[PDB]
Structure formats: structure tokens, C-alpha cells
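> can you look at this? It's an experimental structure, sequence on top.
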Amino acid sequence: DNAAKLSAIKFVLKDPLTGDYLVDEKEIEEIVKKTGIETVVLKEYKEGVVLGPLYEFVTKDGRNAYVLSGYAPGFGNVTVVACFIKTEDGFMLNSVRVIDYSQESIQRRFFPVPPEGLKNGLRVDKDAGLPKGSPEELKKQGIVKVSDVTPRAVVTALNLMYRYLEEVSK
């Protein structure tokens, strides 16, 4: 029934550099089912909505990972699923999957982003003045390069999810 959601959560729990699961696939299923497969509002903001449950995981190398969902106007029948991994002074953005319930390589422009990028705030490259650099160089600065391909709505959702994680981690 919830194939799309579970598929998205599994996807964002793969390492974007190695392609390998950070958490065993069956363990992911068990955690999602035990936590609850429903989608509920966690917090509404002026610019969008953060959706839960907050799913928690521990990666095979012992890092705490968080999966949540989000919405921004510009979506809809759309939800953005994302995985953040806890770091020393914040979080890193591991992966993202946009689910369009009304209806990929483009989506890889959005992750991973290191903690200093998320602290900067994510923004599409147009907003940063079309700076030079590969998508990969720009991601390190929190800049999502899409000008050569609604990405702003995706970025907004991601930024809200980060805000929420920061709020609840304090």
C-alpha cells in the first residue's frame, strides 16, 4: 500500500557516495512499521510544513540518522523525504527523494550537503548568482545547481526539515 513512502525512506538511507545501505533494508522496514507508517504534521511554518513521524536510525558505522518529510507551496500531491545524519556541531544532509503522488538524476543535485552548507542555508544556484563550480563544488556551500537542467520548493522543504531537527535536538 505504502510502497512509495517505504521505498523513499530506504533510498535516503543509502549512502550517496558508495550506494550502499547505511541501515539493513529489513531493519529499515521494521523501524518504519514500529514507529508508524502514517504521515502526520509535526510542525507548520510560514513557508511550509514538516511531516512526521520522525524516523530514527543508527547507521552501520554508528551515526544517528533521521528521516523526515516536508512540504512547501509549489508542490500538491508532492512530499519531499530526506535523511539527515548527526554530526559534531549540526547535521549533514545525506539524501533526498521527492515523491510526486499526482504523477531523479536531477534530484542528486540536492545531496549530500555537509554541515557548513546546511548552516549557510540551502539555495538554488540562481539565487546565489549562477556561481561557477560543478554541482559537487556548489553543494559543499549549500548551493543546489539546477540552472543547467520546482527546485526552490524542494530547497524550502529541506531547509524547514533542518530547522525542525535543530529545534528538537536542543
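Good, I have the coordinates. Numbers count the residues shown, from 1 in each chain.
> so which residues of this structure form helices?
Assigned by DSSP state H, the chain shows helices spanning 3-12, 25-35, 115-120, 135-139, 151-169.
> got those helices as JSON lines, with distance to residue 108 and mean neighbour count columns?
Quick note: C-beta positions are derived from backbone N, CA and C, even for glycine. As requested, the helices of the chain are arranged in JSON lines below (distance: least, C-beta to C-beta, whole Å; neighbours: other C-beta atoms under 10 Å):
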{"stretch": "helix 3-12", "distance to residue 108": "11", "mean neighbour count": "18"}
{"stretch": "helix 25-35", "distance to residue 108": "20", "mean neighbour count": "14"}
{"stretch": "helix 115-120", "distance to residue 108": "15", "mean neighbour count": "18"}
{"stretch": "helix 135-139", "distance to residue 108": "8", "mean neighbour count": "16"}
{"stretch": "helix 151-169", "distance to residue 108": "12", "mean neighbour count": "21"}
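> which one of those helices lies nearest to residue 76?
helix 151-169 (8.5 Å; C-beta to C-beta).
> got the contact list for that closest one?
Residues outside helix 151-169 that contact it (C-beta atoms under 8 Å, 6 or more residues apart in numbering): 42-43, 45, 47-50, 54, 66, 68-75, 78, 80, 82, 84, 86, 90-91, 93, 96, 98, 110, 118, 121-124, 127, 144.
> try stretch 130-142
109, 111-114, 116-123, 125, 128, 143-145, 147.
> report back the residue of this protein that's furthest from centre.
If you look at how far each residue of the chain sits from its centre, by C-alpha atoms, centre = their mean, the farthest one is residue 132, at 24.4 Å.
> any idea how far that residue lies from residue 138?
9 Å (C-beta to C-beta, to the nearest Å).
> ok, now residue 159?
According to C-beta to C-beta, residue 159 and residue 138 sit 16 Å apart.
> go on, residue 95?
Taken as C-beta to C-beta, the span from residue 95 to residue 138 is 17 Å.
> now residue 82
18 Å.
> what is the nearest residue to residue 56 once chain neighbours are set aside paired to in the beta sheet?
Counting by C-beta to C-beta, 6 or more residues apart in numbering, residue 56 lies nearest to residue 66, which is 6.0 Å off, once chain neighbours are set aside. Under DSSP bridges, the beta-bridge partners of residue 66 are residue 56, residue 84.
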